[PDB]
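Structure data follow from my_file-v6.pdb (PDB, C-alpha atoms):
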```
ATOM      1  CA  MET V   1     221.288 -49.055  39.542
ATOM      2  CA  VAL V   2     219.464 -47.533  36.590
ATOM      3  CA  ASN V   3     220.803 -45.018  34.090
ATOM      4  CA  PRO V   4     219.306 -41.583  34.587
ATOM      5  CA  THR V   5     216.799 -40.221  32.040
ATOM      6  CA  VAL V   6     216.819 -36.466  31.457
ATOM      7  CA  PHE V   7     214.556 -34.376  29.201
ATOM      8  CA  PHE V   8     214.749 -31.106  27.285
ATOM      9  CA  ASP V   9     211.639 -29.215  26.132
ATOM     10  CA  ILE V  10     212.639 -27.434  22.890
ATOM     11  CA  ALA V  11     211.182 -24.159  21.636
ATOM     12  CA  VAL V  12     211.612 -22.401  18.287
ATOM     13  CA  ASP V  13     211.444 -18.626  18.584
ATOM     14  CA  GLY V  14     209.571 -19.076  21.880
ATOM     15  CA  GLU V  15     207.061 -21.580  20.467
ATOM     16  CA  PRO V  16     207.175 -24.998  22.166
ATOM     17  CA  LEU V  17     208.140 -27.767  19.725
ATOM     18  CA  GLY V  18     208.343 -30.870  21.864
ATOM     19  CA  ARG V  19     210.214 -32.958  24.416
ATOM     20  CA  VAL V  20     213.350 -35.008  23.764
ATOM     21  CA  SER V  21     214.409 -37.467  26.432
ATOM     22  CA  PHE V  22     217.865 -38.953  26.783
ATOM     23  CA  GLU V  23     219.245 -41.933  28.579
ATOM     24  CA  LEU V  24     222.690 -41.225  30.089
ATOM     25  CA  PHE V  25     225.212 -44.077  30.307
ATOM     26  CA  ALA V  26     226.228 -43.621  33.942
ATOM     27  CA  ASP V  27     227.222 -47.287  34.074
ATOM     28  CA  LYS V  28     230.037 -46.628  31.537
ATOM     29  CA  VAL V  29     230.935 -42.938  31.891
ATOM     30  CA  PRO V  30     229.657 -41.987  35.384
ATOM     31  CA  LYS V  31     231.560 -38.696  35.633
ATOM     32  CA  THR V  32     230.454 -37.434  32.171
ATOM     33  CA  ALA V  33     226.845 -38.612  32.670
ATOM     34  CA  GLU V  34     226.659 -36.914  36.118
ATOM     35  CA  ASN V  35     227.883 -33.594  34.707
ATOM     36  CA  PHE V  36     225.095 -33.628  32.067
ATOM     37  CA  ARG V  37     222.485 -34.777  34.614
ATOM     38  CA  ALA V  38     223.344 -32.016  37.117
ATOM     39  CA  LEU V  39     223.418 -29.389  34.338
ATOM     40  CA  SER V  40     219.922 -30.507  33.250
ATOM     41  CA  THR V  41     218.417 -30.178  36.765
ATOM     42  CA  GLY V  42     220.260 -26.890  37.416
ATOM     43  CA  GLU V  43     220.995 -28.161  40.931
ATOM     44  CA  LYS V  44     224.423 -26.468  41.229
ATOM     45  CA  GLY V  45     222.913 -23.074  40.456
ATOM     46  CA  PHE V  46     223.598 -23.039  36.720
ATOM     47  CA  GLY V  47     222.699 -25.180  33.741
ATOM     48  CA  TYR V  48     221.087 -25.759  30.352
ATOM     49  CA  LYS V  49     217.666 -24.225  31.053
ATOM     50  CA  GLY V  50     217.201 -21.197  28.828
ATOM     51  CA  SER V  51     220.311 -21.888  26.729
ATOM     52  CA  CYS V  52     220.275 -22.491  22.994
ATOM     53  CA  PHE V  53     221.442 -24.733  20.197
ATOM     54  CA  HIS V  54     223.892 -22.343  18.529
ATOM     55  CA  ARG V  55     225.142 -24.618  15.750
ATOM     56  CA  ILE V  56     223.077 -27.052  13.708
ATOM     57  CA  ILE V  57     224.363 -28.725  10.545
ATOM     58  CA  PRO V  58     221.737 -30.921   8.753
ATOM     59  CA  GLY V  59     222.865 -34.535   8.319
ATOM     60  CA  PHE V  60     225.590 -34.071  10.946
ATOM     61  CA  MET V  61     224.511 -32.800  14.407
ATOM     62  CA  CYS V  62     222.898 -30.207  16.712
ATOM     63  CA  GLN V  63     225.295 -28.545  19.172
ATOM     64  CA  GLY V  64     224.398 -26.683  22.357
ATOM     65  CA  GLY V  65     225.307 -26.201  26.003
ATOM     66  CA  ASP V  66     226.879 -22.743  26.194
ATOM     67  CA  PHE V  67     225.031 -21.260  29.169
ATOM     68  CA  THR V  68     227.754 -18.714  29.970
ATOM     69  CA  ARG V  69     229.015 -16.747  26.963
ATOM     70  CA  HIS V  70     225.832 -17.777  25.146
ATOM     71  CA  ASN V  71     227.761 -17.658  21.857
ATOM     72  CA  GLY V  72     229.391 -21.055  21.323
ATOM     73  CA  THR V  73     232.641 -20.310  23.117
ATOM     74  CA  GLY V  74     231.566 -20.826  26.724
ATOM     75  CA  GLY V  75     230.104 -23.157  29.300
ATOM     76  CA  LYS V  76     231.666 -25.049  32.172
ATOM     77  CA  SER V  77     231.382 -28.332  33.994
ATOM     78  CA  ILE V  78     230.102 -29.022  37.528
ATOM     79  CA  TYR V  79     233.736 -29.958  38.345
ATOM     80  CA  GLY V  80     235.169 -26.577  37.549
ATOM     81  CA  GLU V  81     235.928 -25.147  34.110
ATOM     82  CA  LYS V  82     236.991 -28.349  32.290
ATOM     83  CA  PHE V  83     237.457 -32.039  32.947
ATOM     84  CA  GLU V  84     239.255 -35.016  31.455
ATOM     85  CA  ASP V  85     238.115 -37.407  28.715
ATOM     86  CA  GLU V  86     236.727 -40.196  30.846
ATOM     87  CA  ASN V  87     237.043 -43.003  28.277
ATOM     88  CA  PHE V  88     236.205 -43.640  24.609
ATOM     89  CA  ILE V  89     234.501 -47.021  25.025
ATOM     90  CA  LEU V  90     231.401 -45.909  23.118
ATOM     91  CA  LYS V  91     231.303 -44.817  19.468
ATOM     92  CA  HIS V  92     229.351 -42.415  17.248
ATOM     93  CA  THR V  93     227.398 -45.281  15.671
ATOM     94  CA  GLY V  94     224.279 -43.529  14.331
ATOM     95  CA  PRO V  95     221.457 -40.981  14.804
ATOM     96  CA  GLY V  96     220.651 -40.126  18.423
ATOM     97  CA  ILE V  97     224.105 -40.438  19.988
ATOM     98  CA  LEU V  98     224.872 -37.803  22.690
ATOM     99  CA  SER V  99     228.547 -36.749  22.813
ATOM    100  CA  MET V 100     230.770 -33.999  24.282
ATOM    101  CA  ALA V 101     232.159 -31.097  22.262
ATOM    102  CA  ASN V 102     235.731 -30.011  23.241
ATOM    103  CA  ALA V 103     238.796 -28.019  22.200
ATOM    104  CA  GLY V 104     241.202 -30.959  22.150
ATOM    105  CA  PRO V 105     242.242 -33.643  24.689
ATOM    106  CA  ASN V 106     240.812 -33.261  28.212
ATOM    107  CA  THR V 107     238.783 -30.081  27.687
ATOM    108  CA  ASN V 108     235.200 -31.188  28.463
ATOM    109  CA  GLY V 109     232.923 -28.397  29.697
ATOM    110  CA  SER V 110     229.169 -28.259  29.222
ATOM    111  CA  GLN V 111     228.849 -28.195  25.406
ATOM    112  CA  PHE V 112     227.495 -31.315  23.770
ATOM    113  CA  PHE V 113     226.071 -32.453  20.422
ATOM    114  CA  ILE V 114     223.324 -34.802  19.296
ATOM    115  CA  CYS V 115     224.289 -36.812  16.237
ATOM    116  CA  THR V 116     221.803 -37.113  13.375
ATOM    117  CA  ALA V 117     224.045 -39.530  11.431
ATOM    118  CA  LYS V 118     226.924 -41.901  12.127
ATOM    119  CA  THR V 119     230.118 -39.776  12.604
ATOM    120  CA  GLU V 120     232.936 -42.291  12.941
ATOM    121  CA  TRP V 121     235.638 -39.644  12.424
ATOM    122  CA  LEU V 122     234.853 -38.346  15.929
ATOM    123  CA  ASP V 123     235.500 -41.720  17.605
ATOM    124  CA  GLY V 124     238.325 -41.611  20.121
ATOM    125  CA  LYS V 125     238.254 -37.804  20.224
ATOM    126  CA  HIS V 126     234.794 -37.082  21.649
ATOM    127  CA  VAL V 127     233.332 -38.883  24.670
ATOM    128  CA  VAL V 128     229.968 -40.497  23.894
ATOM    129  CA  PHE V 129     227.764 -40.582  27.005
ATOM    130  CA  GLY V 130     224.076 -41.069  26.156
ATOM    131  CA  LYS V 131     221.427 -41.465  23.483
ATOM    132  CA  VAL V 132     218.022 -40.050  22.537
ATOM    133  CA  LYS V 133     215.474 -42.324  24.201
ATOM    134  CA  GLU V 134     212.293 -40.648  22.979
ATOM    135  CA  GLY V 135     211.597 -37.704  20.739
ATOM    136  CA  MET V 136     214.040 -38.313  17.894
ATOM    137  CA  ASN V 137     211.295 -36.761  15.707
ATOM    138  CA  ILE V 138     211.835 -33.481  17.590
ATOM    139  CA  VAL V 139     215.592 -33.652  16.841
ATOM    140  CA  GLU V 140     214.800 -34.141  13.123
ATOM    141  CA  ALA V 141     212.475 -31.126  13.217
ATOM    142  CA  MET V 142     215.306 -29.069  14.782
ATOM    143  CA  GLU V 143     217.715 -30.024  12.014
ATOM    144  CA  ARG V 144     215.400 -28.262   9.603
ATOM    145  CA  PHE V 145     216.445 -24.829  10.975
ATOM    146  CA  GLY V 146     220.208 -25.349  10.590
ATOM    147  CA  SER V 147     222.513 -24.764   7.622
ATOM    148  CA  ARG V 148     225.775 -26.012   6.076
ATOM    149  CA  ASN V 149     227.756 -23.374   7.988
ATOM    150  CA  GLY V 150     225.889 -24.085  11.264
ATOM    151  CA  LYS V 151     223.881 -20.885  11.692
ATOM    152  CA  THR V 152     220.256 -21.473  12.570
ATOM    153  CA  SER V 153     217.392 -19.565  10.851
ATOM    154  CA  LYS V 154     215.369 -19.429  14.089
ATOM    155  CA  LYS V 155     216.483 -19.368  17.726
ATOM    156  CA  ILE V 156     216.267 -22.893  19.128
ATOM    157  CA  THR V 157     216.184 -22.916  22.939
ATOM    158  CA  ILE V 158     215.998 -25.397  25.789
ATOM    159  CA  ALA V 159     212.802 -23.961  27.294
ATOM    160  CA  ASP V 160     212.816 -26.408  30.200
ATOM    161  CA  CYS V 161     214.780 -29.449  31.310
ATOM    162  CA  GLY V 162     215.100 -31.821  34.185
ATOM    163  CA  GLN V 163     215.400 -35.386  35.325
ATOM    164  CA  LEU V 164     212.590 -37.916  34.792
ATOM    165  CA  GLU V 165     214.222 -40.962  36.353
TER     166      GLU V 165
ATOM    167  CA  UNK S   1     235.004 -29.895   7.715
ATOM    168  CA  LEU S   2     232.694 -31.576  10.176
ATOM    169  CA  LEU S   3     234.098 -31.051  13.680
ATOM    170  CA  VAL S   4     232.456 -30.158  16.997
ATOM    171  CA  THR S   5     234.812 -27.746  18.750
ATOM    172  CA  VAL S   6     234.505 -25.029  21.419
ATOM    173  CA  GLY S   7     236.364 -21.807  20.577
ATOM    174  CA  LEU S   8     237.923 -22.195  17.089
ATOM    175  CA  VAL S   9     235.376 -23.945  14.858
ATOM    176  CA  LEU S  10     237.230 -25.522  11.946
ATOM    177  CA  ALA S  11     236.095 -26.348   8.451
TER     178      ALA S  11
END
```
Please render this file's structure as structure tokens.
Amino acid sequence: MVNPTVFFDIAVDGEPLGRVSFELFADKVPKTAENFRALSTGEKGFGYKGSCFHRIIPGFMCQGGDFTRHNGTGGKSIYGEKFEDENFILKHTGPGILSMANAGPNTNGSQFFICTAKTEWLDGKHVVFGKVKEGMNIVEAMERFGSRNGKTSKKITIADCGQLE
Amino acid sequence: XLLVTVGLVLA
């Protein structure tokens, strides 16, 4: 078995910026990795394509995944509305870590965040499930449009996404 | 603060 690789093509106010590819740790968190993989291909009839990064805080992370309410409060998993915290084997060790946003224990939906720094205070509370494989330079460019309160100065969207391998 | 929540974003 090989971990799946998924990609997002990012755009800033409709202008293509670049591609970021992620490796998902299906060998350690199969259920969480599968949810993200299926949401990236759009194979269940809904997903990340066309959604945006609604909250970006420089030096911390870029958060996205709300394809429903499109305002930071929505999204859902391929298993229904929410699912359990699979495990917390992996930690928020540095830039590039892919982890799930939530509203407390066992409330995983579709929202996720890409860490741009080590965030150890999130360990044991947020399920880490992948890492940026290529295109970390695109994530750094994205960070430039965020702010301390999270609001972005330009609309950052996932113009296209899918599975590479 | 620096949290990543869905619904009630805290300081």
Two-atom distance - CA of residue 4 in chain S, CA of residue 87 in chain V (Å):
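CA of residue 4 in chain S sits 17.7 Å away from CA of residue 87 in chain V.
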Taking all atoms listed in the file into account, report as a PDB file with C-alpha atoms, in the frame of the given file which residues of chain V lie within 7 Å of chain S.
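Final output, saved to out23.pdb:
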```
ATOM      1  CA  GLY V  72     229.391 -21.055  21.323  1.00  0.00           C
ATOM      2  CA  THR V  73     232.641 -20.310  23.117  1.00  0.00           C
ATOM      3  CA  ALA V 101     232.159 -31.097  22.262  1.00  0.00           C
ATOM      4  CA  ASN V 102     235.731 -30.011  23.241  1.00  0.00           C
ATOM      5  CA  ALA V 103     238.796 -28.019  22.200  1.00  0.00           C
TER       6      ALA V 103
END
```
If you apply the PyMOL selection byres ((chain V and resi 150) around 9) to this file, what residues do you get, as an NGL selection string?
:V and (54-58 or 62 or 146-149 or 151-152)
As an exercise, work out the distance from CA of residue 137 in chain V to CA of residue 49 in chain V in Å and give it to one decimal place.
20.8 Å
All residues 12 Å or closer to residue 70 in chain V, all atoms listed in the file, same chain fewer than 3 positions away omitted, as a ChimeraX atom specification:
/V:47-55,64-67,73-76,110-111,157 /S:6
Put the listed atoms of chain S in a box along x, y and z with 4 Å added on every side and give me the centre and edge lengths in Å to one decimal, as JSON.
```
{"center_x": 235.2, "center_y": -26.7, "center_z": 14.6, "size_x": 13.5, "size_y": 17.8, "size_z": 21.7}
```
Determine the residue set returned by the PyMOL selection byres ((chain V and resi 129) around 7) for the present structure, and present it as a ChimeraX atom specification.
/V:24-25,29,32-33,98-99,127-128,130
Since the input is missing atoms for range 34-53 of chain V, could you rebuild it with N, CA, C and O atoms and give the result as a PDB file, keeping the file's coordinate frame?
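Here's the written file rebuild.pdb:
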```pdb
ATOM      1  N   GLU V  34     227.011 -37.724  34.947  1.00  0.00           N
ATOM      2  CA  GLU V  34     226.659 -36.914  36.118  1.00  0.00           C
ATOM      3  C   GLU V  34     226.705 -35.432  35.798  1.00  0.00           C
ATOM      4  O   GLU V  34     225.795 -34.698  36.170  1.00  0.00           O
ATOM      5  N   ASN V  35     227.756 -34.995  35.109  1.00  0.00           N
ATOM      6  CA  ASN V  35     227.883 -33.594  34.707  1.00  0.00           C
ATOM      7  C   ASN V  35     226.625 -33.164  33.920  1.00  0.00           C
ATOM      8  O   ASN V  35     225.990 -32.157  34.243  1.00  0.00           O
ATOM      9  N   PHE V  36     226.268 -33.933  32.884  1.00  0.00           N
ATOM     10  CA  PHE V  36     225.095 -33.628  32.067  1.00  0.00           C
ATOM     11  C   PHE V  36     223.796 -33.668  32.893  1.00  0.00           C
ATOM     12  O   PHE V  36     222.927 -32.797  32.742  1.00  0.00           O
ATOM     13  N   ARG V  37     223.677 -34.655  33.778  1.00  0.00           N
ATOM     14  CA  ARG V  37     222.485 -34.777  34.614  1.00  0.00           C
ATOM     15  C   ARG V  37     222.320 -33.551  35.528  1.00  0.00           C
ATOM     16  O   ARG V  37     221.247 -32.942  35.578  1.00  0.00           O
ATOM     17  N   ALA V  38     223.389 -33.176  36.226  1.00  0.00           N
ATOM     18  CA  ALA V  38     223.344 -32.016  37.117  1.00  0.00           C
ATOM     19  C   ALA V  38     223.101 -30.703  36.353  1.00  0.00           C
ATOM     20  O   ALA V  38     222.411 -29.808  36.846  1.00  0.00           O
ATOM     21  N   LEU V  39     223.629 -30.592  35.136  1.00  0.00           N
ATOM     22  CA  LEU V  39     223.418 -29.389  34.338  1.00  0.00           C
ATOM     23  C   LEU V  39     221.968 -29.302  33.849  1.00  0.00           C
ATOM     24  O   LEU V  39     221.445 -28.203  33.622  1.00  0.00           O
ATOM     25  N   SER V  40     221.319 -30.459  33.692  1.00  0.00           N
ATOM     26  CA  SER V  40     219.922 -30.507  33.250  1.00  0.00           C
ATOM     27  C   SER V  40     218.950 -30.169  34.407  1.00  0.00           C
ATOM     28  O   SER V  40     217.889 -29.600  34.186  1.00  0.00           O
ATOM     29  N   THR V  41     219.301 -30.512  35.641  1.00  0.00           N
ATOM     30  CA  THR V  41     218.417 -30.178  36.765  1.00  0.00           C
ATOM     31  C   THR V  41     218.693 -28.742  37.261  1.00  0.00           C
ATOM     32  O   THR V  41     217.852 -28.150  37.939  1.00  0.00           O
ATOM     33  N   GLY V  42     219.893 -28.222  36.979  1.00  0.00           N
ATOM     34  CA  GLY V  42     220.260 -26.890  37.416  1.00  0.00           C
ATOM     35  C   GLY V  42     220.564 -26.888  38.906  1.00  0.00           C
ATOM     36  O   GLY V  42     220.739 -25.831  39.499  1.00  0.00           O
ATOM     37  N   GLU V  43     220.763 -28.062  39.489  1.00  0.00           N
ATOM     38  CA  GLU V  43     220.995 -28.161  40.931  1.00  0.00           C
ATOM     39  C   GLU V  43     222.245 -27.500  41.543  1.00  0.00           C
ATOM     40  O   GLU V  43     222.328 -27.349  42.763  1.00  0.00           O
ATOM     41  N   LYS V  44     223.219 -27.128  40.722  1.00  0.00           N
ATOM     42  CA  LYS V  44     224.423 -26.468  41.229  1.00  0.00           C
ATOM     43  C   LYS V  44     224.283 -24.955  41.112  1.00  0.00           C
ATOM     44  O   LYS V  44     225.231 -24.224  41.390  1.00  0.00           O
ATOM     45  N   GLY V  45     223.139 -24.497  40.605  1.00  0.00           N
ATOM     46  CA  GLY V  45     222.913 -23.074  40.456  1.00  0.00           C
ATOM     47  C   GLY V  45     223.119 -22.543  39.051  1.00  0.00           C
ATOM     48  O   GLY V  45     223.068 -21.337  38.808  1.00  0.00           O
ATOM     49  N   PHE V  46     223.402 -23.438  38.116  1.00  0.00           N
ATOM     50  CA  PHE V  46     223.598 -23.039  36.720  1.00  0.00           C
ATOM     51  C   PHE V  46     223.299 -24.270  35.879  1.00  0.00           C
ATOM     52  O   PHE V  46     223.303 -25.395  36.410  1.00  0.00           O
ATOM     53  N   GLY V  47     222.995 -24.052  34.602  1.00  0.00           N
ATOM     54  CA  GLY V  47     222.699 -25.180  33.741  1.00  0.00           C
ATOM     55  C   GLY V  47     222.161 -24.837  32.368  1.00  0.00           C
ATOM     56  O   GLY V  47     222.159 -23.682  31.952  1.00  0.00           O
ATOM     57  N   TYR V  48     221.620 -25.861  31.712  1.00  0.00           N
ATOM     58  CA  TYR V  48     221.087 -25.759  30.352  1.00  0.00           C
ATOM     59  C   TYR V  48     219.772 -24.992  30.163  1.00  0.00           C
ATOM     60  O   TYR V  48     219.497 -24.491  29.077  1.00  0.00           O
ATOM     61  N   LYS V  49     218.947 -24.907  31.198  1.00  0.00           N
ATOM     62  CA  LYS V  49     217.666 -24.225  31.053  1.00  0.00           C
ATOM     63  C   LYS V  49     217.831 -22.810  30.519  1.00  0.00           C
ATOM     64  O   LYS V  49     218.608 -22.024  31.055  1.00  0.00           O
ATOM     65  N   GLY V  50     217.122 -22.506  29.436  1.00  0.00           N
ATOM     66  CA  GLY V  50     217.201 -21.197  28.828  1.00  0.00           C
ATOM     67  C   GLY V  50     218.327 -21.043  27.818  1.00  0.00           C
ATOM     68  O   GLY V  50     218.391 -20.021  27.141  1.00  0.00           O
ATOM     69  N   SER V  51     219.214 -22.026  27.689  1.00  0.00           N
ATOM     70  CA  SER V  51     220.311 -21.888  26.729  1.00  0.00           C
ATOM     71  C   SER V  51     219.860 -22.344  25.345  1.00  0.00           C
ATOM     72  O   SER V  51     218.771 -22.925  25.194  1.00  0.00           O
ATOM     73  N   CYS V  52     220.681 -22.103  24.330  1.00  0.00           N
ATOM     74  CA  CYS V  52     220.275 -22.491  22.994  1.00  0.00           C
ATOM     75  C   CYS V  52     221.183 -23.432  22.248  1.00  0.00           C
ATOM     76  O   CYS V  52     222.234 -23.829  22.750  1.00  0.00           O
ATOM     77  N   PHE V  53     220.684 -23.886  21.106  1.00  0.00           N
ATOM     78  CA  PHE V  53     221.442 -24.733  20.197  1.00  0.00           C
ATOM     79  C   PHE V  53     221.974 -23.718  19.194  1.00  0.00           C
ATOM     80  O   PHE V  53     221.243 -23.252  18.318  1.00  0.00           O
TER      81      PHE V  53
END
```
